[PDB]
């Protein structure tokens, strides 16, 4: 019969209006300053551009060995040219109060070194996965972390991905019933021509093949989906002996595991087949299928029962949660500010590494490896 107050009170002339409804994460502040170490493929394609959607994180400095490149990136992101560090004067960041943390995005064999040096420089540390190329090196990073009394977070973006958390949540609500079989596959074609992949073929730098690089998603995903650690693993690996790509690191590798709850799992990673990111979780009441499972974008999950397939994915007009990249960056920022622990701590990064070494060991011996060493997930999966 008549227009409601609100509409009726809108000026017909240009007038100031209120703060709008927010349908997506709005920026807030830029108090937590990062220093990015290693201007590479994942840094320039996903992380740097991922800062824009942060509500607390910003880029303060760059650390690269390619002067020409740092220069370009610096200008591309408004970073002060004076904040460009090379791998030598890296430790000087300790004199810059505006640098709260570093984000190590270097090849695997170098993580430990810069994590420690960063800590000695009195800075917090975000380090990419795989954590390091040895269990011992993982522990040394943890040690150094405790010594500097600083946080240590591993770059597990899936622990901050809406769809993944959505998946973890439905499992915890028992929509799948008792869990019994988890399947995983993570693959992408290895191109030795790509600069980023060249060190991944070097065992000394990569620390391993497809399992260290992408298999780790199925392994880690298997763990937070089930909400527990495996007690024993078995594995077999094969690589074409004529393929120049796999002279030092493994191409394809399969590994099955048993958990203390009785569930089993069988996953695989591959460097010779096209894009695959698919997780399957069989319960006795329903089956969860994630595909895409660990993508940078477009994740899709579906719960299946005879005659049904209830799918879930990000919405078309609203963005209920922040994207994994921005969420991850803000996560360490928030943990520092609120004096709280991170959900993806060094211990978590180390658990995957020990786990992988066990899988490689079971692959080499052809025998099962007991992994019932009592790792406990602080905070929950």
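Just so we're on the same page, rigid core means the largest C-alpha set that superposes within 1.5 Å between forms. Positions refer to the first chain, counted from 1.
Colleague: Core-superposed in 6 other deposited structures of this protein, which stretch deviates more in Cα positions, 56 to 64 or 27 to 35?
Modeller: Most displaced of the pair in 6 other deposited structures of this protein: 27 to 35.
Colleague: Going by the B-factors listed in the PDB entry, is the mean over the C-alpha atoms higher for 72 to 80 or for 154 to 162?
Modeller: Looking at the record's C-alpha B-factors, the answer is 72 to 80.
Colleague: Could you check which stretch, 196 to 204 or 92 to 100, carries the larger mean CA temperature factor in the entry?
Modeller: Result: 92 to 100.
Colleague: For the C-alpha B-factor as written in the entry, point me to the maximum among 322, 45, 328, 66.
Modeller: Max CA B-factor in the entry, restricted to 322, 45, 328, 66: 66.
Colleague: Can you tell me which of 37, 337, 318, 26 has the maximum CA B-factor listed in the PDB entry?
Modeller: When the deposited C-alpha B-factors of 37, 337, 318, 26 are compared, 337 is largest.
Colleague: Can you work out whether the C-alpha temperature factor of residue 122 puts it in the lowest, middle or highest third of the chain?
Modeller: Its C-alpha B-factor, which the entry lists for residue 122, ranks in the middle third among residues of this chain.
Colleague: Among the chain's modelled residues, which third holds the C-alpha B-factor of residue 246?
Modeller: Highest third.
Colleague: Pull the Cα B-factor of residue 252 out of the PDB entry and bin it into the chain's lowest, middle or highest third.
Modeller: Answer is middle: the recorded C-alpha B-factor places it there.
Colleague: Compared with the other modelled residues in the chain, in which third is the CA B-factor of residue 128?
Modeller: Its C-alpha B-factor, which the entry lists for residue 128, ranks in the lowest third among residues of this chain.
Colleague: Per the entry's values, where does residue 306 land by CA temperature factor relative to the rest of its chain, in the lowest, middle or highest third?
Modeller: As the PDB entry reports it, the C-alpha B-factor of residue 306 lands in the highest third of its chain.
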